[PDB]
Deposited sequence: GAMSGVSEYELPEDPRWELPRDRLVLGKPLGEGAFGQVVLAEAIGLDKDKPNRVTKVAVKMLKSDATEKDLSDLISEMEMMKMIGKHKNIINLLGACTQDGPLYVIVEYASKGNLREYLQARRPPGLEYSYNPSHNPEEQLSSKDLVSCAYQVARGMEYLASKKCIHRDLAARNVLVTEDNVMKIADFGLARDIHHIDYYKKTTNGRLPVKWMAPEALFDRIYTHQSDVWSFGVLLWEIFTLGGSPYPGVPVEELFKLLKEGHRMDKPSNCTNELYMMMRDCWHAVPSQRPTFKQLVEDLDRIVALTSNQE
C-alpha cells in the first residue's frame, strides 16, 4: 500500500480496544486515537477501526482499500460514517472511521420499545422510549445522509436500518456506502439495476422500520414469493403507529415506476416540514 500523508496516522497512536457489535461491517474494533488532530496531539478520540480477518484473501484486501479510497473521495457529512485516517505502513491496514456508540438503528429502536406481546423489546438493557418527534427526526437524518451520498453520485445498494449507526449524541450515520432482498426495489431484485431511485425504495422500507421501532419487513412472507408479489402490487400495510402522511411517503418511495418516486432531495424537504409539525408532546 503506498502512503497517503493526507490520512496516515502512525500505528502507535492507536490503542486498540474491543470488537464492536457482531461483525456486520467486518472486523471493526473500538479504539482510542492519540492526537488524531495534529492540532491537539495530547487528546484521545474514540474511533472505530476496520481491518482484515485472519484468513483474509487478496479480494478482501482490495475491497477494504477500495472502500477506504471511495470514502476518501466521498467527502464529509455529519449523517454518514466518515473516514478519519488509516494505518497503511508498518503493519496491517487499519481504516479509521467514526465511532457510533449506540449501535445500529434497528437495535437502537428495538431497545426503545415499550416493555409488550405485540412489539417485544429484546434488549436486556432497554432504553427510554423515543418521542414521536425523535422518530421523524431519525428519518430526516437518514434522508439527509442519503441526499448527500446521492449528490456525490454514490448509490448505496443496501440502505436499511441495520446500515445506519447511531452515535452517543443520537446522530444517525449511514454506514456501508463505500463498496437484504426485502429492502430491494423490484428492478434491483429482478434485473440487477441499482440507482438512486432504488435507494429511495429502500428508504421507504427503512421508514417502515423506523415506525415499527425496528420491525422486520414483510413478516412471514417467504423471500421466494416476494418479487412475484411486489410485481402484483403488494405493499406493506401501514405500521400501527404511523401517520397517514408518513405512510403515503413510504408508498411513494415504493412507486412501481422508478421515475415517479421522490428524490432524496424531496424526501429531505418533506421530512423537514413533517419534523417541524410533529408534536413534541407525543
Quiz item: Going from the first residue of the deposited sequence to the last, where are the unmodelled runs?
Solution: 1-10, 126, 191-208
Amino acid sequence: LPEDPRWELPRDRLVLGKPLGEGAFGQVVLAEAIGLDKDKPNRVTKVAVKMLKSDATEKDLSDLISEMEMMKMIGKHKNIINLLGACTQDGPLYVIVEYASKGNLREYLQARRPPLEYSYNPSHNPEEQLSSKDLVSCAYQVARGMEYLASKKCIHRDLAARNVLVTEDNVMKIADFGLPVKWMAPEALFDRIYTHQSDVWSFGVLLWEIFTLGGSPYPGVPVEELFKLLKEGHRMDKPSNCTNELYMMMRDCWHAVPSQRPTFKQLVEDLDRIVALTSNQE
From here on, numbers count along this sequence of modelled residues.
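The term rigid core refers to the most C-alpha atoms you can superpose between the two forms while keeping them within 1.5 Å.
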Quiz prompt | in 6 other deposited structures of this protein, rigid core aligned: more displaced of 255-263 and 13-21 by C-alpha RMS | solution = 13-21
Quiz item: Do at least a third of the other entries of this protein fail to model residue 122?
Solution: yes
Self-check item: Other PDB entries, at least a third, lacking residue 26
Solution: yes
Quiz item: Mean C-alpha B factor from the entry: is it higher for 218-226 or for 26-34?
Solution: 218-226
Quiz prompt | Mean temperature factor over C-alpha atoms, higher-scoring stretch between 80-88 and 188-196 | solution = 188-196
Exercise. Among the candidates 116, 172, 135, 160, give the one with the maximum CA B-factor reported in the record.
Key: 116
Quiz item: Whose C-alpha has the highest temperature factor in the PDB entry: 46, 40, 238, 251?
Solution: 40
Quiz prompt | residue 273, C-alpha B-factor rank within chain (lowest, middle or highest third) | solution = middle
Quiz prompt | Entry-reported Cα temperature factor of residue 262, expressed as the chain third it lands in | solution = lowest
Self-check item: CA B-factor placement of residue 211, once the chain's modelled residues are sorted into thirds
Solution: lowest
Quiz item: Which third of the chain does residue 94 land in by C-alpha B-factor: lowest, middle or highest?
Solution: middle
Quiz prompt | residue 203, C-alpha B-factor rank within chain (lowest, middle or highest third) | solution = lowest
